[PDB]
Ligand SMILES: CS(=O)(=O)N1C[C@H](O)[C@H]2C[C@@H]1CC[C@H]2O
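Okay, here we've got a single chain as C-alpha cells, the form deposited without this ligand, with questions on binding and movement later.
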C-alpha cells in the first residue's frame, strides 16, 4: 500500500507536524452564521468550534452543534457533535431520534484534566431514567457490558409524544485522552469493529452519532479510520486509499477534524493494520482482542 510507503517517508524525515499543518492550511472554510448567533452562545461548548451552516444538523430554535459528514464515495454518513451541555441533552437525544441513529459513539470521559468536558447525558442506573421535558423524550439504561477500556450500553429511548420506543447502543471508549491517541492500533480497531458488528453503521439506520468533547479530534480520528477502511473494502485495494485526501474531504463538512499530528499518524497505523482484516486475514481480529486486554 502507498499509505505504508508514505508513512515510512514521513517517519524518516520526521515531518508529521508539517504534513498535519499543510492539511489545516488547505482545510475548507465555510460560514457558521447560525452557530454564532447570540441566542446560540449557550448551545456551544467551545467558542471556536462550530458546525458549518451547509452541513449542520437541524432539530425539527433548530440549532445544535452537530454536522453531517456525508461521505459520498464511501457511502457512509456520520454525525459529529460536541459532548452535550447541561441545557442541550434534550437536543442531543432529539437529534438521535430525528436522525434515526442506532448507535452513539462516545470517545471521551465526562471529566478530563479536572474539567467537565461532557454532561452526564445518559442514565447510570436502570431505576433512574432520565426525562427530557423540553424535547419530550425518556431515556432508560437497560443493560451495560463493561470492559477494561470501553463500555457498551443498551439504552431505550422513548418518544413520549407517540410512545414509540427505540434501542440505542452506546459505545464508550474510556481511555482515549483528550489531544491524545488510543493505547495501540489493536485497542482502537477492537473498539471500531465492536461498533461495526452491532449493525449501527448499516445504511438501513440513520447516521451513527460520534462525539468526544468538541466533536472534532478523537471523533475525527475515529471517522477517518472507519471511512478509509470502508473505501479500501469496497475496492478491495488498500493502495488506492489516500488518507490526507479523505481527511480533507471530511473537513468540508466539519472543521478541525483530527486535532494533532500524532492523531493523524495514529490514523495511518490503524488503517494499515485494519487493512489486514479487510483483505482476508481472519486471525487478526482475535489478535486485536487479545492485545487490547479487554
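Positions refer to the first chain, counted from 1.
There is another form of the same protein, the form deposited with this ligand bound; it is not shown, and what comes next is about it.
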> Is the gap between residue 235 and this ligand in the deposited bound form 4.5 Å or less for some heavy atom pair?
Replying inline: yes
> residue 240 near this ligand in the deposited bound form, any heavy atom under 4.5 Å?
Replying inline: yes
>> Check residue 39 for me: does it contact this ligand in the deposited bound form (non-hydrogen atoms, 4.5 angstroms)?
In response: no
> Would residue 57 show up as a contact with this ligand in the deposited bound form if we use heavy atoms at 4.5 Å?
Replying inline: no
>> Given a 4.5 Å distance limit between heavy atoms, list every residue of 215-234 close to this ligand in the deposited bound form, or none if there are none.
In response: 231
